[PDB]
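A.B. asks:
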Amino acid sequence: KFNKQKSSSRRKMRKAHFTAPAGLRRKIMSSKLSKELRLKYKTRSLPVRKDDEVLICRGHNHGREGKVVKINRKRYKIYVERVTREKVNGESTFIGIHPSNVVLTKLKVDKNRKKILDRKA
Amino acid sequence: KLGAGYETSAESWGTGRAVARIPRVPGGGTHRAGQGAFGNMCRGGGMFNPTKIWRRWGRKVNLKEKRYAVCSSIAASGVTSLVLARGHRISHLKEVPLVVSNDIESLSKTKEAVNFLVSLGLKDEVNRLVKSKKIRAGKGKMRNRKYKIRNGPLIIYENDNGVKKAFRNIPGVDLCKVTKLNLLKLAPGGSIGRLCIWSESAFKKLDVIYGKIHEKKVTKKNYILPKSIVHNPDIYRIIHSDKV
Amino acid sequence: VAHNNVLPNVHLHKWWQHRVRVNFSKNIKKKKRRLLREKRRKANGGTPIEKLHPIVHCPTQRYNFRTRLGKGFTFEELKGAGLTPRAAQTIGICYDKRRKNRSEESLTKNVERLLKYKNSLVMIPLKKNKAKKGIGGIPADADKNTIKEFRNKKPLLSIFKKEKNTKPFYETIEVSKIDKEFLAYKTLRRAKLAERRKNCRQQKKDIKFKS
Amino acid sequence: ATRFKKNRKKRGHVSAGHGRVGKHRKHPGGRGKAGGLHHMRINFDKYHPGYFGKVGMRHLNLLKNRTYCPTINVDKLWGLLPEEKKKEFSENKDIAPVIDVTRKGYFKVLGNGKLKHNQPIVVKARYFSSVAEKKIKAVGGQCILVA
RNA sequence: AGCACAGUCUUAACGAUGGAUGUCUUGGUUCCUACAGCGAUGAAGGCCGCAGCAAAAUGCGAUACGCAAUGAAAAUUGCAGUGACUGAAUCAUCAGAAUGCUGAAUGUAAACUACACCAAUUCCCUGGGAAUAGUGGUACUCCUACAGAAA
RNA sequence: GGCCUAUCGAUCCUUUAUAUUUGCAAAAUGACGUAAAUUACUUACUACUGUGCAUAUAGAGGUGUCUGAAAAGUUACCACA
RNA sequence: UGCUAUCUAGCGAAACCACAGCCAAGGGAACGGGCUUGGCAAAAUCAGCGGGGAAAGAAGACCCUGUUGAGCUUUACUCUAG
RNA sequence: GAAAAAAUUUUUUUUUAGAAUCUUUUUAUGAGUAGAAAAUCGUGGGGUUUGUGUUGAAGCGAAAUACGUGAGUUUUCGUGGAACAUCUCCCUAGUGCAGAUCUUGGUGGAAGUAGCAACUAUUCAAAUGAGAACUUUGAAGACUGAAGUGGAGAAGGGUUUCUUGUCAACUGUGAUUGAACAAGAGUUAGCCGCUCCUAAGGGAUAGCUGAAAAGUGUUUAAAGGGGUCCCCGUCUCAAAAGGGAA
RNA sequence: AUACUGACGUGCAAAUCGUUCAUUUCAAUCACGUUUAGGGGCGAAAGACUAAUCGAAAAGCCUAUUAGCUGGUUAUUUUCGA
RNA sequence: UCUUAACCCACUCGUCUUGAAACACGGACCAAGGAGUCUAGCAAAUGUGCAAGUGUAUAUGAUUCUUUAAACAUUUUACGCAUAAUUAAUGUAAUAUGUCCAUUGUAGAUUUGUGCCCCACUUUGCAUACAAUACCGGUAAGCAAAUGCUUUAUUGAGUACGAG
RNA sequence: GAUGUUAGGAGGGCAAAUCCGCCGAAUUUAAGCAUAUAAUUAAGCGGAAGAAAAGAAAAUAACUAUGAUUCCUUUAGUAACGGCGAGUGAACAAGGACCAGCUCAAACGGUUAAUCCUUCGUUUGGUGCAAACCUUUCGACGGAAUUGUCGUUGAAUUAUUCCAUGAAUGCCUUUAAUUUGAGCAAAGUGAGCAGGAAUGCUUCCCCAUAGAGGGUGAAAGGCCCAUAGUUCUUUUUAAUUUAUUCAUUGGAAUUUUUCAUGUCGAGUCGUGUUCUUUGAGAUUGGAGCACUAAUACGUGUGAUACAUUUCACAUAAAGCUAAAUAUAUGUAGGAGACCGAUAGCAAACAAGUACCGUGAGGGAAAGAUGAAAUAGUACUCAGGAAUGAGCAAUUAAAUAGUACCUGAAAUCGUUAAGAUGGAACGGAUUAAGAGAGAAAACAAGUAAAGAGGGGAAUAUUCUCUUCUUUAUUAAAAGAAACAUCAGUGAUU
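Residue numbers (the entry's author numbering), protein chains in the order written: chain AZ, 2 to 122; chain AF, 55 to 298; chain AL, 2 to 212; chain AO, 2 to 148.
1) Exposed or buried, residue 180 of chain AF, counting other C-beta atoms within 10 Å across all chains shown (16 or more means buried)?
2) Using the beta-carbon count (16 or more within 10 Å), is residue 8 of chain AZ buried or exposed?
3) Say whether chain AZ places a C-beta atom closer than 9 Å to the C-beta of residue 101 of chain AF.
4) Are the Cβ atoms of residue 1 of chain AO and residue 147 of chain AO separated by less than 9 Å?
5) With a CB to CB cut of under 6 Å and the five nearest residues on each side skipped, what residues in its chain are close to residue 248 of chain AF?
6) What are the residues that DSSP puts in a beta bridge with residue 203 of chain AL?
7) List, in chain order, every chain AL residue whose beta-carbon is nearer than 9 Å to that of residue 100 of chain AO.
8) Return the residues of the stretch 61–72 of chain AL that lie within a Cβ-Cβ distance of less than 9 Å from chain AO, sorted by chain order.
9) May I have a chain-ordered list of the beta strand (DSSP E) segments no shorter than 3 residues that lie completely inside the stretch 6–90 of chain AL?
10) Can you give me, in chain order, the residues of the stretch 27–56 of chain AZ that have a beta carbon less than 8 Å from any beta carbon in chain AF?
11) Measuring alpha carbon to alpha carbon, tell me which of AZ:40, AZ:54, AZ:109 ends up nearest residue 100 of chain AZ.
12) Measure the CB-CB distance between residue 206 of chain AF and residue 189 of chain AF and report whether it falls below 9 Å.
13) Relative to the alpha-carbon of residue 22 of chain AZ, which residue among AZ:75, AZ:90, AZ:103, AZ:80 has its alpha-carbon at the smallest distance?
14) From residue 60 of chain AZ to residue 96 of chain AZ, what does the alpha carbon distance come to, in whole angstroms?
15) Quick one: give me the first and last residue of the alpha helix (DSSP H) that residue 118 of chain AZ is part of.
16) Return the residues of the stretch 20–36 of chain AL that lie within a Cβ-Cβ distance of less than 7 Å from chain AF, sorted by chain order.
17) Kindly list, in the order they appear in chain AZ, the residues whose Cβ is closer than 9 Å to that of residue 196 of chain AF.
18) Taking DSSP as the reference, what is the three-state secondary structure of residue 180 of chain AL?
19) Are residue 142 of chain AO and residue 124 of chain AO close, meaning C-beta to C-beta below 9 Å?
20) What does the Cβ neighbour count give for residue 119 of chain AF, buried or exposed, with the cut at 16 atoms within 10 Å?
21) Under three-state DSSP, which class holds residue 132 of chain AF?
22) From what residue to what residue does the alpha helix (DSSP H) around residue 186 of chain AL run?
23) I'd like to check one pair, residue 53 of chain AL with residue 108 of chain AL: are the Cβ atoms closer than 9 Å?
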């Protein structure tokens, strides 16, 4: 708000959202952390990774937990294990989920993430 | 833009050519050729009077009038009926010149400020302020004018000890320092009076400013309160009165 | 042109659209000037950045009774104060060669003004903790204690401003000291009448003197 | 501003409120001050009597400072004191006010009006009228010429 | 399993045709703020190129839709391929390295891959061994220095 | 001024008249005149004070398309409103 | 006599178009398709045709007007290279 | 400040006004271009106020026992799928169209009409294919008639060539054809040209002009080569039809 | 390019077609290269021609040139009205 | 509501025009666009603030710094216009000290009284209209050595308790 | 003076908004036009910078005098110019912003040019990983330079006082700002309802120094990015802290006293003459030509030609210099009471593109499926093929089907209804059809008994109600018809 450095004008912000580079895109695919994990790490939100286990809580699949298949930074979509759907020609693909609509439970640590988790701490 | 709509070539063959005589773009081939040119009626042709950079944008409003407007606006806020009329949900308030102890100036958490407003009894008004944020119709949305809110109480303070940052960020509240009281804030949209919350220090300082027990720099120099045209406006009492 | 209305006279006839400029910049430009000068004052070791100026009487008939800041103290005024121009220049007293003290009062008034500023100022030792008497009539250096305490004090800038002429027109005289036989109007017109002949004589004296 | 304008009141009316028959053509007399001495001569005679030609002495640079000199009439002179001071002089005969006309920024004193009879007053100024000297003297005051 | 005249005109419902209207808006716009010159150390500009599958736009220059190095940092994907378990895949940063032919264009030329002249030139190896007709230089004017010719 | 009803001319400019009226922009030009005065950068006191130019006022020089542009023809080669 | 025109199959435009389209007389901006009074007036069409539609083209080129021009000529006015 | 009616004295029903640019009432009066004014009404945005939205906003189509003298306002049903109002008051404007031989985009009647007329003229059978007057093949009949619809070549065009596909659009009829579209492919020189030479001429060098831009081309040249310190001596471009190694 | 004032004249063409006709060893014709540029060039001279543009080419700008002249010049009600 | 009827009436709109239904011109159709504005300077009108003043200029100052490119503030003769005019001009300049009174009339609003309200007298006498006098600048004329004078003429966009 | 492919270097071109030199119009205005005007403009051509240009008195004043330049506010629509028409038009003061001064030349210094430069070298440092930069004194050997470089800024001399100086040991601390990149970053993904899916509606929770902006399957402070806030780190530059000893060479300022009273820009200024230009007027500046000076008691200003002369103010004919100040260009930010796809940059799209022109040049059109195509039309049937249909099928929705939002009008199709004798609609009034409708266009209450909802009294008594039903009484309302009046008429 108060700083005059960052523009708040709508058009400009919108352009920034669409023309964002891949590193920035990786950053804004972040997810709310589940309560046990939030307690464990003292952290609100994390950038998502492939082998983690999400729970869906918005959209037509809000009963579903499951493992993440692929994340698509081009399309702003994560894909999950059993949110399968058949297409017109009788071919099964995965339903796209946007990160806000999932709450992340079990997350798989690796050294890059471990560094992030320590950095948050 | 200065040249707007005139950077086509300019040509005018029309008399005896069996067309209207207004200019046409010259050359051939392309669809733009032979087509209606510059002029306040054609595709891309530029409106009849452009708007220049040099409209008379502002106005030199007069010092004595401005001062009077400030004094009168504050005075209007004083009167209970006018504030109510201005539409505040002020029904349960104890008194319209609302003055609070200078501990208000030292408040430093938003929740306490809300709590304080509720304690005063402005709960309904606080409700209207929280409620009343809406997206408004029309082109404004693309020009960074997304929400419209309605005007909340005006906090008048003598010197910061938390208030300036602390009551801000509660919808439609305004804050202003006493010495620099502002006509636009006191009288929004050309409406009169507002729900005003004064510190006791501010209240005492107000009297100093307009020259009862004057000072070297606080008091506005050479300035007096404008005297009224009518001394007493109770027309019905004059009519009622025995002599008349 | 039509009926009673004054004759038109607008000089926008030679091309003028290519020549407007509209200042939307007033407040921002003012803010910018203030911020740079304040930054400069902050930078300059707590020193004032204003320079001393002589008071002078205004040119010609129109402003004969009024007095304003001039440009440059003159050599006589510096010498009278007890300073030499380069030395004066270093402590912010501004010089010129152009002014010349035509009449006595102005010289005395300006040397008093210089002296007051000089007496007021206190000087930082150049290379720190190495205080000395110094040259050119510049005030001698000072210790750590005086400087430290002085830096903490507010630097009062009143001397830089123009001198207010104190009004004294509402003044009183005893009636029996009034001299009523005078004719001021007569004296004035006669003086104007006699001017050429007085010039004629003065010119003759000037010729006589020069030989 | 725009919403009040005259054209909106007449908005659909063919002439735009400017005469069907003769119509509003461009520059309809010729430009500006042109018609003087000839076809608009009657207007020039009837509205700006003395306008054409030159009269009198030329002056190569006026240099307006030299000849500057605001006036005041004697009538206003006591008014340059505040009220309380004036009353005090009216009460006490032995003293009189001096008034330095320069401090209030006037140069010549003129003779309109009546001074209070038998209050002497000392007037300091650059210039006086003949009449002013006589009036100031008549009430027992003195004029002092001063630069 | 029958009955309606047709045309012309009008009306209503449902359609075609068309793209107005309303709604949007990764664009314009103006003002304000801020810095602000590139070039013989070869610019701007133009050509010509360059992808596994590739036309333009974009990007880039014979190392050619990118090399190195730094900071992010696990995927990139139309198929094909290439990747982690952090100098590998992807971005961003961008200083190192590289920057075809031209173009002021400057060896003579020009609708030319035409033509001179002087150096033959380059790489490897720790003072020798290999390559290659390849590569440099050579405009006009000037200035300081120097040279050997003239008075 | 002509027995009455006709017999005529703006501005700028020029031209020649008028005045104890004025100017030429820091000053002066009759005149060191008249008295004094001392030996001098002296004091009083005087309507009248160089050349030239300019003003003010008053005539006169002319605009007959006569309330006042200094202005010849041609187009069947022609254009445009 | 050929080729067109014609009919068919196939393909397929445009100029033009206030609205339209039977007349007589009358009046009327003094020659009307509509207006008033008469004559009168019966679907849909096919082929010609040049009476009329004051038919089309195109801000009359003639004439006049403009304090719009231009080319041209001279012992027009003002100039000017040579 | 109470008027009436209904019930069955007591209950119920209706109304019960005081806004000053306003209310009650009275009387007169009412043409209108050019023109002037006032009062309204509507569109884009703004401040202010208090609201409608996914149980469906705006928009749009048809309306409506709707209200207004009227501009208009309001509403029903249908469509629609996301925002919309503000009349509380008032700021603000690129603000209201039938016309301008207006502009732009679309569209008719004219109309299944004018018209598809040069260049002697075609016929039969077979093949291919969904389909053949105008694709292919055979057989006839014909024309061009070496001043050729034949060979070569120049300028210009520029892959139009060829084979293989092939038919969305085009090929003004049809079309399986094609100079269209798609996929590949093709142009080989010591001798044929260019390349070299000079011509009409061009551009520069020396000067000189010119603010410069340019205008001039030996007009005051210490200038490019050949012999071996001497002798010749502007450079350069300009012919695909002149000269020209094979 | 003479005549047919023939065909066509919403053309086969923004100058074409048929027939007739003038011209052929020279003041002959053509190609290509080359020269001269806009108040200028060029002209066996028509004010002809200088890329469908000529009694002053084409292009852009000064320039939204200028026009006492033509056309157009946008909701309602009410009042007074030339 | 719409729909046909029927009686009676009813000429193509725009338009320039003395006079258009015209054998005057513009209009095939439809949709959207499409034309008295903005600035400068001046004026009156009216609104608003202050009032012999008025405007706070440029600019400074502020714990003013999303808004704020606005608002706020301005130590006891800056400038504009006003406050005095007039003449070419050196320039000169408003009754006049008999008294803080403020020139004279004629009508004239408002007021007081008499004989809570109409009158008719009286009483005060605004605005304004019409005059009249004084006086100031210019010019005449008369005088003239002087701070020029004058009972007289004239002339001014003059003045006679402000208005901007 | 030539000559050199000699050694080291430089200039050329592009870019122009602001900026500097030139050269230079006209349309236009004057109701015509010729002087004026347009305009010291446009075009043409040359040259710079982050700003430039200007600048340190041959200034103004006539005062109680000011005092480099630029700019703002102003004087001023004034002095003034001008067919004295049209029109044009300054300066000084004053209020501010900013505020900065200087050096060649001339004089002076000869028991010694004390200068300068290339090339070769040589060392006290400091940063940096390295690359590399950055400081640092000291010599050679060439040259250059007296046809004049350097020092000095009259000259010495007294007292006073300063500044460079070099070595030793020591010491680089705390803070304040300022400017970059950096991090970290508050509370709900709680019921229920309707929906394809909430961010909707309730309702129960909360946070805010963050309720800016954006994203997310419909409006989200608590879903996400970011935001408020801070914690670091980067830029430089203030303040603060510590210097102390010893060392010598050199320079500077006043002050005394002497003695010297010096210098100061020439084919330039000026004048005539021309032409130009101007506010400039018997010439404002420039320019060409002709003539052509004076030495500081000179000569130049002091806006009317001149003479004879005062007086004030200045010191021409050589050079440099920060600031304020300007910016329709390039690039980067930030904005908005701006435009909303026929608008707005010509240009939201592969736009200076396609396309046209021999060429200079001219120069477009064309945005939108849906939440998700990682839902883009599967399958069967009829078709040669296009396509069509489906009992089949994605979607919440395909009459959202890639011509994909909404989808007006013109125009045209289908069915139905009507009309129909050489125009069509129309107006004023009724008619017959055909649609629509109950909100005024009948029936309050009372009882019976179902279904709901509320309010009060101190979980259940009282009381108010809306919907349904059965039946059961009101009443009013309009229209008729006749009658009575009153008003206005006609009639016998």
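Beta carbons: idealized from backbone N, C-alpha and C, even for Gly.
C.D. replies: Taking the geometry as given:
1) Reading the second sequence from its first residue, position 126 is the one you call residue 180 of chain AF. Answer is buried; the Cβ neighbour count reaches 16.
2) Working through the first sequence from its first residue, we reach residue 8 of chain AZ at position 7. The residue in question, residue 8 of chain AZ, is exposed, as its Cβ has fewer than 16 Cβ neighbours within 10 Å.
3) Indexing the second sequence from 1 puts residue 101 of chain AF at position 47. No, residue 101 of chain AF lies away from the interface with chain AZ (no Cβ there is under 9 Å from its Cβ).
4) The displayed coordinates of chain AO run from 2 to 148. Any statement about residue 1 of chain AO would go beyond what the structure contains.
5) Here residue 248 of chain AF refers to the residue found at position 194 of the second sequence. Answer for residue 248 of chain AF: 131, 208, listed in chain order.
6) Numbered from 1 along the third sequence, position 202 holds the residue referred to as residue 203 of chain AL. In DSSP, residue 203 of chain AL forms no bridge with anything.
7) Working through the fourth sequence from its first residue, we reach residue 100 of chain AO at position 99. Per Cβ cutoff of 9 Å: 170, 171, 172.
8) 61, 62, 63, 64, 65, 66
9) 56–58, 68–70
10) none
11) Along the first sequence, one-based indexing puts residue 100 of chain AZ at 99. The candidate whose alpha carbon is nearest that of residue 100 of chain AZ is AZ:54.
12) Counting from one through the second sequence, the residue named residue 206 of chain AF turns up at place 152. Counting from one through the second sequence, the residue named residue 189 of chain AF turns up at place 135. In this structure, residue 189 of chain AF does not lie closer than 9 Å to residue 206 of chain AF by Cβ.
13) As a position in the first sequence, residue 22 of chain AZ is number 21, starting the count at 1. For the residues AZ:75, AZ:90, AZ:103, AZ:80, the minimum Cα distance to residue 22 of chain AZ belongs to AZ:75.
14) If you number the first sequence from 1, residue 60 of chain AZ lands on position 59. If you number the first sequence from 1, residue 96 of chain AZ lands on position 95. Approximately 11 Å between the Cα atoms of the pair.
15) As a first step, residue 118 of chain AZ is located in the first sequence; it is residue number 117 there, counting from the start. Unbroken alpha helix (DSSP H) run through residue 118 of chain AZ: 112–121.
16) Taking 7 Å as the upper bound on Cβ-Cβ separation, chain AF lies near residues 21, 23 of the stretch 20–36 of chain AL.
17) Translated into the one-based positions of the second sequence, residue 196 of chain AF becomes position 142. Going along chain AZ in sequence order, the residues near residue 196 of chain AF (Cβ under 9 Å) are 11, 12.
18) Locating residue 180 of chain AL in the third sequence gives position 179, where the first residue counts as 1. Coil.
19) Reading the fourth sequence from its first residue, position 141 is the one you call residue 142 of chain AO. Reading the fourth sequence from its first residue, position 123 is the one you call residue 124 of chain AO. For the pair residue 142 of chain AO and residue 124 of chain AO, the CB atoms are nearer than the 9 Å cut-off.
20) On the second sequence, position 65 is the one that residue 119 of chain AF refers to. Answer is exposed; the Cβ neighbour count stays below 16.
21) As a working note, residue 132 of chain AF is residue 78 in the second sequence. Correct three-state label for residue 132 of chain AF: helix.
22) Sequence index remark: in the third sequence, residue 186 of chain AL carries index 185 (1-based). From DSSP, the alpha helix (DSSP H) with residue 186 of chain AL extends over 185–194.
23) Position 107 of the third sequence, counted from the first residue, corresponds to residue 108 of chain AL. Position 52 of the third sequence, counted from the first residue, corresponds to residue 53 of chain AL. Taking 9 Å as the Cβ cut-off, residue 108 of chain AL and residue 53 of chain AL do not qualify as a contacting pair.
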